[PDB]
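*Asks:* Got a file for you: coords37.txt, compact mmCIF, N, CA and C atoms.
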```txt
# COMPACT_ATOMS: atom_id res chain seq x y z
N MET A 1 0.86 -1.22 0.00
CA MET A 1 0.00 0.00 0.00
C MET A 1 0.88 1.24 0.00
N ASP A 2 0.95 1.92 -1.15
CA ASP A 2 1.75 3.13 -1.28
C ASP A 2 0.90 4.28 -1.81
N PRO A 3 0.04 4.86 -0.99
CA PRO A 3 -0.87 5.96 -1.45
C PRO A 3 -0.09 7.18 -1.94
N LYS A 4 -0.72 7.96 -2.81
CA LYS A 4 -0.09 9.17 -3.34
C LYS A 4 -0.70 10.42 -2.70
N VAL A 5 0.15 11.38 -2.32
CA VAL A 5 -0.35 12.64 -1.76
C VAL A 5 0.36 13.85 -2.38
N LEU A 6 -0.41 14.92 -2.53
CA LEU A 6 0.12 16.17 -3.08
C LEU A 6 0.28 17.20 -1.96
N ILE A 7 1.42 17.89 -1.96
CA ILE A 7 1.70 18.88 -0.93
C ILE A 7 1.50 20.29 -1.48
N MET A 8 0.83 21.13 -0.70
CA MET A 8 0.70 22.54 -1.05
C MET A 8 1.75 23.37 -0.32
N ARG A 9 2.41 24.26 -1.05
CA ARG A 9 3.47 25.08 -0.47
C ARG A 9 2.95 25.90 0.70
N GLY A 10 3.79 26.08 1.71
CA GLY A 10 3.39 26.83 2.90
C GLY A 10 4.62 27.33 3.65
N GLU A 11 4.38 28.11 4.70
CA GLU A 11 5.47 28.65 5.51
C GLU A 11 6.40 27.55 6.01
N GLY A 12 5.85 26.37 6.28
CA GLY A 12 6.65 25.25 6.76
C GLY A 12 7.57 24.73 5.66
N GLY A 13 8.42 23.76 6.02
CA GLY A 13 9.38 23.22 5.06
C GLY A 13 8.77 22.07 4.26
N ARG A 14 8.68 22.25 2.95
CA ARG A 14 8.16 21.20 2.08
C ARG A 14 8.98 19.92 2.24
N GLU A 15 10.29 20.07 2.32
CA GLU A 15 11.17 18.91 2.43
C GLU A 15 10.87 18.11 3.69
N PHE A 16 10.64 18.80 4.80
CA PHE A 16 10.41 18.12 6.08
C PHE A 16 9.17 17.24 6.02
N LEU A 17 8.03 17.83 5.67
CA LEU A 17 6.78 17.09 5.66
C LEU A 17 6.85 15.92 4.68
N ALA A 18 7.42 16.17 3.51
CA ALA A 18 7.51 15.14 2.49
C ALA A 18 8.35 13.96 2.97
N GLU A 19 9.44 14.25 3.67
CA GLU A 19 10.32 13.20 4.16
C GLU A 19 9.56 12.26 5.09
N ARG A 20 8.74 12.82 5.96
CA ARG A 20 7.99 12.00 6.91
C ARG A 20 7.07 11.01 6.19
N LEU A 21 6.27 11.52 5.26
CA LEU A 21 5.34 10.65 4.54
C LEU A 21 6.08 9.59 3.73
N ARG A 22 7.22 9.97 3.15
CA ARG A 22 8.01 9.04 2.36
C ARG A 22 8.52 7.89 3.23
N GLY A 23 8.99 8.21 4.43
CA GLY A 23 9.52 7.19 5.33
C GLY A 23 8.47 6.13 5.67
N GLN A 24 7.20 6.52 5.69
CA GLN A 24 6.12 5.57 5.97
C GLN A 24 5.59 4.85 4.72
N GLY A 25 6.27 4.99 3.59
CA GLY A 25 5.89 4.25 2.38
C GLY A 25 4.87 4.99 1.52
N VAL A 26 4.76 6.30 1.69
CA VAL A 26 3.84 7.10 0.87
C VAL A 26 4.62 7.82 -0.24
N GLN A 27 4.03 7.86 -1.43
CA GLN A 27 4.64 8.57 -2.55
C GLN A 27 4.33 10.05 -2.43
N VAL A 28 5.35 10.90 -2.52
CA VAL A 28 5.18 12.33 -2.27
C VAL A 28 5.53 13.16 -3.51
N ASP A 29 4.64 14.08 -3.84
CA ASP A 29 4.92 15.08 -4.86
C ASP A 29 4.41 16.44 -4.39
N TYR A 30 5.22 17.49 -4.52
CA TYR A 30 4.83 18.82 -4.06
C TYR A 30 4.71 19.79 -5.23
N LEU A 31 3.66 20.62 -5.19
CA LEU A 31 3.39 21.58 -6.26
C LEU A 31 3.43 23.01 -5.69
N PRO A 32 4.12 23.95 -6.31
CA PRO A 32 4.07 25.37 -5.84
C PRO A 32 2.73 26.03 -6.15
N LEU A 33 2.23 26.81 -5.20
CA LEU A 33 0.93 27.46 -5.35
C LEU A 33 0.85 28.41 -6.56
N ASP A 34 1.98 28.69 -7.21
CA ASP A 34 1.98 29.62 -8.34
C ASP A 34 1.44 29.00 -9.64
N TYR A 35 1.17 27.70 -9.66
CA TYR A 35 0.63 27.06 -10.86
C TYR A 35 -0.74 27.64 -11.20
N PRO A 36 -1.12 27.71 -12.47
CA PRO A 36 -2.43 28.31 -12.86
C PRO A 36 -3.60 27.35 -12.68
N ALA A 37 -4.80 27.92 -12.58
CA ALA A 37 -6.01 27.12 -12.37
C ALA A 37 -6.14 26.03 -13.42
N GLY A 38 -6.79 24.93 -13.05
CA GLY A 38 -6.94 23.79 -13.95
C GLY A 38 -5.88 22.73 -13.69
N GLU A 39 -4.65 23.16 -13.39
CA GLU A 39 -3.56 22.21 -13.17
C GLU A 39 -3.86 21.30 -11.98
N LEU A 40 -4.47 21.86 -10.94
CA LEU A 40 -4.76 21.09 -9.74
C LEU A 40 -5.64 19.89 -10.09
N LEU A 41 -6.70 20.14 -10.85
CA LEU A 41 -7.66 19.08 -11.16
C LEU A 41 -7.02 17.98 -11.99
N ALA A 42 -6.25 18.37 -13.01
CA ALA A 42 -5.66 17.40 -13.91
C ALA A 42 -4.71 16.48 -13.16
N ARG A 43 -3.88 17.05 -12.29
CA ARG A 43 -2.92 16.26 -11.53
C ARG A 43 -3.64 15.25 -10.65
N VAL A 44 -4.72 15.67 -10.00
CA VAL A 44 -5.44 14.79 -9.09
C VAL A 44 -5.97 13.57 -9.84
N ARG A 45 -6.56 13.81 -11.01
CA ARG A 45 -7.18 12.73 -11.77
C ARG A 45 -6.14 11.75 -12.32
N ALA A 46 -5.11 12.28 -12.98
CA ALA A 46 -4.12 11.43 -13.64
C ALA A 46 -3.30 10.63 -12.62
N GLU A 47 -2.87 11.30 -11.56
CA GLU A 47 -2.08 10.62 -10.53
C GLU A 47 -2.94 9.78 -9.57
N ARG A 48 -4.27 9.91 -9.64
CA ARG A 48 -5.15 9.15 -8.75
C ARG A 48 -4.76 9.39 -7.29
N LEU A 49 -4.74 10.65 -6.89
CA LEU A 49 -4.28 11.01 -5.55
C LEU A 49 -5.23 10.48 -4.48
N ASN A 50 -4.65 10.03 -3.38
CA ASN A 50 -5.42 9.55 -2.24
C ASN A 50 -5.71 10.70 -1.28
N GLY A 51 -4.73 11.58 -1.07
CA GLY A 51 -4.89 12.64 -0.09
C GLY A 51 -4.16 13.93 -0.47
N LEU A 52 -4.60 15.02 0.15
CA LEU A 52 -3.99 16.33 -0.06
C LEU A 52 -3.61 16.94 1.29
N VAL A 53 -2.46 17.60 1.37
CA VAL A 53 -2.00 18.19 2.63
C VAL A 53 -1.84 19.70 2.48
N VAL A 54 -2.40 20.46 3.43
CA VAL A 54 -2.22 21.92 3.45
C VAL A 54 -1.54 22.36 4.73
N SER A 55 -0.52 23.19 4.58
CA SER A 55 0.21 23.73 5.72
C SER A 55 -0.61 24.77 6.48
N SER A 56 -1.45 25.52 5.76
CA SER A 56 -2.16 26.63 6.39
C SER A 56 -3.42 27.00 5.62
N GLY A 57 -4.24 27.86 6.23
CA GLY A 57 -5.46 28.33 5.58
C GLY A 57 -5.16 28.95 4.22
N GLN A 58 -4.03 29.65 4.11
CA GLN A 58 -3.68 30.32 2.86
C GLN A 58 -3.57 29.30 1.73
N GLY A 59 -2.88 28.19 1.99
CA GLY A 59 -2.76 27.14 0.99
C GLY A 59 -4.13 26.61 0.61
N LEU A 60 -4.98 26.39 1.61
CA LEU A 60 -6.31 25.84 1.37
C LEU A 60 -7.08 26.71 0.38
N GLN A 61 -7.01 28.02 0.58
CA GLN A 61 -7.72 28.96 -0.29
C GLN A 61 -7.22 28.83 -1.73
N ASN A 62 -5.90 28.74 -1.88
CA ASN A 62 -5.32 28.56 -3.21
C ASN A 62 -5.85 27.30 -3.87
N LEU A 63 -6.02 26.24 -3.09
CA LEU A 63 -6.54 24.98 -3.61
C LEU A 63 -7.90 25.20 -4.25
N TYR A 64 -8.75 25.95 -3.55
CA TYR A 64 -10.10 26.20 -4.02
C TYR A 64 -10.07 26.91 -5.37
N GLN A 65 -9.24 27.95 -5.47
CA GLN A 65 -9.17 28.74 -6.69
C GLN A 65 -8.72 27.90 -7.87
N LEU A 66 -7.71 27.07 -7.65
CA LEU A 66 -7.20 26.20 -8.71
C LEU A 66 -8.23 25.14 -9.11
N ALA A 67 -9.01 24.66 -8.14
CA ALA A 67 -10.06 23.69 -8.41
C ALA A 67 -11.06 24.24 -9.42
N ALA A 68 -11.38 25.53 -9.29
CA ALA A 68 -12.23 26.18 -10.26
C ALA A 68 -13.60 25.46 -10.32
N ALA A 69 -14.23 25.35 -11.50
CA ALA A 69 -15.57 24.77 -11.59
C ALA A 69 -15.63 23.33 -11.07
N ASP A 70 -14.48 22.65 -10.97
CA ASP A 70 -14.47 21.24 -10.59
C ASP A 70 -14.31 21.02 -9.08
N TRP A 71 -14.41 22.07 -8.27
CA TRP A 71 -14.32 21.93 -6.82
C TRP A 71 -15.21 20.80 -6.28
N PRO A 72 -16.46 20.68 -6.68
CA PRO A 72 -17.32 19.55 -6.21
C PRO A 72 -16.62 18.19 -6.25
N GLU A 73 -15.85 17.93 -7.30
CA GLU A 73 -15.17 16.64 -7.43
C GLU A 73 -13.95 16.58 -6.52
N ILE A 74 -13.12 17.62 -6.59
CA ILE A 74 -11.88 17.65 -5.83
C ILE A 74 -12.15 17.52 -4.33
N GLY A 75 -13.20 18.19 -3.86
CA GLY A 75 -13.53 18.22 -2.44
C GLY A 75 -13.81 16.82 -1.86
N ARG A 76 -14.04 15.84 -2.73
CA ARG A 76 -14.31 14.47 -2.29
C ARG A 76 -13.11 13.85 -1.58
N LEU A 77 -11.90 14.26 -1.96
CA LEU A 77 -10.69 13.62 -1.46
C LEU A 77 -10.41 14.02 0.00
N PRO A 78 -9.78 13.17 0.79
CA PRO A 78 -9.42 13.53 2.20
C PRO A 78 -8.43 14.69 2.27
N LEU A 79 -8.77 15.72 3.02
CA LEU A 79 -7.86 16.84 3.24
C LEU A 79 -7.26 16.78 4.64
N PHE A 80 -5.93 16.84 4.71
CA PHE A 80 -5.23 16.87 5.99
C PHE A 80 -5.01 18.31 6.43
N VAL A 81 -5.46 18.66 7.63
CA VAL A 81 -5.23 20.00 8.18
C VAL A 81 -4.37 19.91 9.44
N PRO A 82 -3.51 20.88 9.70
CA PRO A 82 -2.59 20.81 10.88
C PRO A 82 -3.26 21.18 12.20
N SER A 83 -4.35 21.94 12.14
CA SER A 83 -4.94 22.49 13.35
C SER A 83 -6.47 22.51 13.26
N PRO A 84 -7.17 22.56 14.37
CA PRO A 84 -8.66 22.66 14.35
C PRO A 84 -9.13 23.84 13.49
N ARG A 85 -8.48 24.99 13.65
CA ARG A 85 -8.88 26.18 12.91
C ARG A 85 -8.84 25.94 11.40
N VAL A 86 -7.74 25.35 10.93
CA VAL A 86 -7.62 25.04 9.51
C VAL A 86 -8.73 24.08 9.08
N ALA A 87 -9.04 23.11 9.93
CA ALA A 87 -10.10 22.16 9.64
C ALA A 87 -11.42 22.88 9.38
N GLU A 88 -11.70 23.89 10.20
CA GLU A 88 -12.92 24.67 10.04
C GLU A 88 -12.96 25.34 8.67
N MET A 89 -11.82 25.86 8.23
CA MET A 89 -11.75 26.51 6.92
C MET A 89 -12.17 25.53 5.83
N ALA A 90 -11.67 24.31 5.91
CA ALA A 90 -11.98 23.29 4.92
C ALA A 90 -13.47 22.98 4.91
N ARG A 91 -14.07 22.91 6.09
CA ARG A 91 -15.49 22.60 6.20
C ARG A 91 -16.33 23.67 5.51
N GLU A 92 -15.99 24.94 5.74
CA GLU A 92 -16.77 26.04 5.18
C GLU A 92 -16.77 25.99 3.65
N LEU A 93 -15.65 25.59 3.06
CA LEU A 93 -15.57 25.45 1.61
C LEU A 93 -16.49 24.35 1.08
N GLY A 94 -16.83 23.37 1.92
CA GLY A 94 -17.64 22.23 1.47
C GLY A 94 -16.85 20.92 1.40
N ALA A 95 -15.65 20.87 1.99
CA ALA A 95 -14.84 19.66 1.92
C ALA A 95 -15.61 18.47 2.49
N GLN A 96 -15.79 17.45 1.66
CA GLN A 96 -16.65 16.33 2.01
C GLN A 96 -16.05 15.50 3.14
N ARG A 97 -14.73 15.36 3.14
CA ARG A 97 -14.04 14.62 4.19
C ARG A 97 -12.86 15.42 4.73
N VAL A 98 -12.96 15.83 5.99
CA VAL A 98 -11.90 16.62 6.62
C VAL A 98 -11.22 15.80 7.71
N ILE A 99 -9.89 15.78 7.68
CA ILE A 99 -9.10 14.99 8.62
C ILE A 99 -8.20 15.91 9.45
N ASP A 100 -8.33 15.84 10.77
CA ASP A 100 -7.46 16.61 11.65
C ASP A 100 -6.28 15.76 12.11
N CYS A 101 -5.07 16.18 11.76
CA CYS A 101 -3.87 15.43 12.13
C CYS A 101 -3.20 15.94 13.41
N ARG A 102 -3.68 17.06 13.96
CA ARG A 102 -3.09 17.61 15.19
C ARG A 102 -3.09 16.57 16.30
N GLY A 103 -4.17 15.80 16.39
CA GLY A 103 -4.27 14.75 17.40
C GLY A 103 -3.80 13.40 16.86
N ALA A 104 -4.07 13.14 15.58
CA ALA A 104 -3.67 11.89 14.97
C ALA A 104 -2.18 11.90 14.63
N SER A 105 -1.48 10.84 15.00
CA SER A 105 -0.06 10.73 14.72
C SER A 105 0.18 10.43 13.24
N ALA A 106 1.41 10.65 12.78
CA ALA A 106 1.77 10.37 11.39
C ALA A 106 1.31 8.99 10.93
N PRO A 107 1.66 7.91 11.61
CA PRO A 107 1.22 6.55 11.17
C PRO A 107 -0.30 6.43 11.11
N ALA A 108 -0.98 7.12 12.02
CA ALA A 108 -2.44 7.13 12.00
C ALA A 108 -2.95 7.69 10.68
N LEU A 109 -2.33 8.77 10.22
CA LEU A 109 -2.71 9.37 8.95
C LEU A 109 -2.55 8.37 7.81
N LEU A 110 -1.48 7.59 7.86
CA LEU A 110 -1.24 6.56 6.84
C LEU A 110 -2.43 5.60 6.78
N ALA A 111 -2.91 5.21 7.95
CA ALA A 111 -4.06 4.31 8.03
C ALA A 111 -5.28 4.95 7.37
N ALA A 112 -5.47 6.24 7.61
CA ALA A 112 -6.61 6.96 7.04
C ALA A 112 -6.58 6.90 5.52
N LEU A 113 -5.40 7.07 4.94
CA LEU A 113 -5.25 7.04 3.49
C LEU A 113 -5.75 5.71 2.94
N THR A 114 -5.26 4.62 3.52
CA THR A 114 -5.59 3.30 3.02
C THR A 114 -7.09 3.02 3.12
N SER A 115 -7.70 3.43 4.22
CA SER A 115 -9.13 3.21 4.42
C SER A 115 -9.95 3.94 3.36
N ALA A 116 -9.60 5.19 3.09
CA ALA A 116 -10.34 6.00 2.12
C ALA A 116 -10.28 5.37 0.73
N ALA A 117 -9.12 4.82 0.38
CA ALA A 117 -8.94 4.20 -0.93
C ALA A 117 -9.93 3.04 -1.12
N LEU A 118 -10.23 2.32 -0.05
CA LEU A 118 -11.15 1.19 -0.13
C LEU A 118 -12.50 1.63 -0.67
N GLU A 119 -12.95 2.82 -0.28
CA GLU A 119 -14.23 3.34 -0.73
C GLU A 119 -14.26 3.53 -2.25
N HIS A 120 -13.12 3.91 -2.82
CA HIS A 120 -13.04 4.14 -4.26
C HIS A 120 -13.46 2.90 -5.03
N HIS A 121 -12.95 1.75 -4.62
CA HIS A 121 -13.27 0.49 -5.28
C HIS A 121 -14.78 0.24 -5.30
N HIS A 122 -15.45 0.58 -4.20
CA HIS A 122 -16.88 0.34 -4.09
C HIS A 122 -17.65 1.03 -5.21
N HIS A 123 -17.28 2.27 -5.50
CA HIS A 123 -17.97 3.04 -6.53
C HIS A 123 -18.00 2.30 -7.86
N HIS A 124 -16.92 1.57 -8.17
CA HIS A 124 -16.84 0.84 -9.43
C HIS A 124 -17.06 -0.65 -9.21
N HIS A 125 -17.82 -1.27 -10.11
CA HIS A 125 -18.11 -2.70 -10.01
C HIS A 125 -17.78 -3.40 -11.32
```
Rewrite the coordinates I just gave you, this time as structure tokens.

*Replies:*
Amino acid sequence: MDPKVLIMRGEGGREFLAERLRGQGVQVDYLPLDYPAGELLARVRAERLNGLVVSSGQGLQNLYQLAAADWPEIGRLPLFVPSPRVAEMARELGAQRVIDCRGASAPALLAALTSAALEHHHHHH
């Protein structure tokens, strides 16, 4: 089980967060928030991303803008937030599944990824 996750640029160190997920057997790719709208959606579909990580509310907002008309679809994926406050931001946007990692440990997050993927199979028969 090697789920894929996309990292949004933030005040924190991209290298640090990515290293952690990689050590637990997760495939990591990071995108700078300067990419133009539409790119977010295409990457999610082609790479079949399991989860998305945001360092801060600012990153989250950028995600929404890039999602553009396809936000309804993108919002389906599990979003990892660092703090309760950030989690609230995700909820207000309409994020269908919001995950708070402040209390959940890194390995716990890994478990969340695998569980969510199981649901994907159900949709298709």

*Asks:* If you measure from atom N of residue 59 of chain A to atom CA of residue 2 of chain A, what distance in Å do you get, rounded to one decimal?

*Replies:*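 Straight-line distance from atom N of residue 59 of chain A to atom CA of residue 2 of chain A works out to 25.7 Å.
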
*Asks:* Within 9 Å of segment 40-53 of chain A, counting only C-alpha atoms, which residues qualify if same-chain residues fewer than 6 places away don't, as a ChimeraX atom specification?

*Replies:* /A:3-8,31,60,63,66-68,70-71,73-74,77-82,113-114,116-117

*Asks:* Near segment 11-21 of chain A, within 7 Å and counting only C-alpha atoms, which residues show up once chain neighbours fewer than 5 positions away are dropped, as JSON, numbers by chain?

*Replies:* {"A": [26, 28, 55]}

*Asks:* Would you compute the box with edges along x, y and z of the file around segment 19-31 of chain A, including every atom the file lists for it and 6 Å extra on each side, and give its centre and edge lengths in Å to one decimal, as lines of an AutoDock Vina configuration file?

*Replies:*
```
center_x = 6.9
center_y = 13.6
center_z = 0.3
size_x = 18.9
size_y = 30.8
size_z = 25.2
```

*Asks:* Segment 20-100 of chain A: which residues are strand (DSSP E) by DSSP, as a ChimeraX atom specification?

*Replies:* /A:27-31,51-53,79-81,98-100

*Asks:* Could you please take those selected residues and save N, CA and C atoms as a short mmCIF file (atom, residue, chain, number, x, y, z; two decimals), keeping the file's coordinate frame?

*Replies:*
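Ended up saving to selection-v4.cif:
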```
data_model
loop_
_atom_site.label_atom_id
_atom_site.label_comp_id
_atom_site.auth_asym_id
_atom_site.auth_seq_id
_atom_site.Cartn_x
_atom_site.Cartn_y
_atom_site.Cartn_z
N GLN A 27 4.03 7.86 -1.43
CA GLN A 27 4.64 8.57 -2.55
C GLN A 27 4.33 10.05 -2.43
N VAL A 28 5.35 10.90 -2.52
CA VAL A 28 5.18 12.33 -2.27
C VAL A 28 5.53 13.16 -3.51
N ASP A 29 4.64 14.08 -3.84
CA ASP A 29 4.92 15.08 -4.86
C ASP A 29 4.41 16.44 -4.39
N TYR A 30 5.22 17.49 -4.52
CA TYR A 30 4.83 18.82 -4.06
C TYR A 30 4.71 19.79 -5.23
N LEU A 31 3.66 20.62 -5.19
CA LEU A 31 3.39 21.58 -6.26
C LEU A 31 3.43 23.01 -5.69
N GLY A 51 -4.73 11.58 -1.07
CA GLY A 51 -4.89 12.64 -0.09
C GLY A 51 -4.16 13.93 -0.47
N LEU A 52 -4.60 15.02 0.15
CA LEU A 52 -3.99 16.33 -0.06
C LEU A 52 -3.61 16.94 1.29
N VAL A 53 -2.46 17.60 1.37
CA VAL A 53 -2.00 18.19 2.63
C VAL A 53 -1.84 19.70 2.48
N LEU A 79 -8.77 15.72 3.02
CA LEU A 79 -7.86 16.84 3.24
C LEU A 79 -7.26 16.78 4.64
N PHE A 80 -5.93 16.84 4.71
CA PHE A 80 -5.23 16.87 5.99
C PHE A 80 -5.01 18.31 6.43
N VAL A 81 -5.46 18.66 7.63
CA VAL A 81 -5.23 20.00 8.18
C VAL A 81 -4.37 19.91 9.44
N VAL A 98 -12.96 15.83 5.99
CA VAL A 98 -11.90 16.62 6.62
C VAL A 98 -11.22 15.80 7.71
N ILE A 99 -9.89 15.78 7.68
CA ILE A 99 -9.10 14.99 8.62
C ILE A 99 -8.20 15.91 9.45
N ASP A 100 -8.33 15.84 10.77
CA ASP A 100 -7.46 16.61 11.65
C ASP A 100 -6.28 15.76 12.11
#
```

*Asks:* For a cutoff of 8 Å around the file-coordinate point (-8.2, 15.8, 14.7), which residues qualify once you count only N, CA and C atoms? I'd like the result as number ranges by chain.

*Replies:* A: 81-84, 98-104

*Asks:* Would you mind telling me which residue in A:10, A:54, A:24, A:86 lies nearest to residue 107 of chain A when using only N, CA and C atoms?

*Replies:*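 Of A:10, A:54, A:24, A:86, the one nearest residue 107 of chain A is A:24, counting only N, CA and C atoms.
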
*Asks:* In Å, rounded to a single decimal, give me how far atom C of residue 27 of chain A is from atom N of residue 65 of chain A.

*Replies:* 22.7 Å

*Asks:* To one decimal place in Å, what is the distance between atom CA of residue 64 of chain A and atom CA of residue 30 of chain A?

*Replies:* 16.7 Å

*Asks:* Select, from A:106, A:69, A:57, A:85, the residue with the minimum atom-to-atom distance to residue 38 of chain A, counting all atoms listed in the file.

*Replies:*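 When distances to residue 38 of chain A are compared using all atoms listed in the file, the smallest one comes from A:69.
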
*Asks:* I need the residues in segment 45-83 of chain A that are alpha helix (DSSP H) according to DSSP; give them as a PyMOL selection string.

*Replies:* chain A and resi 45-47+57-67+71-74
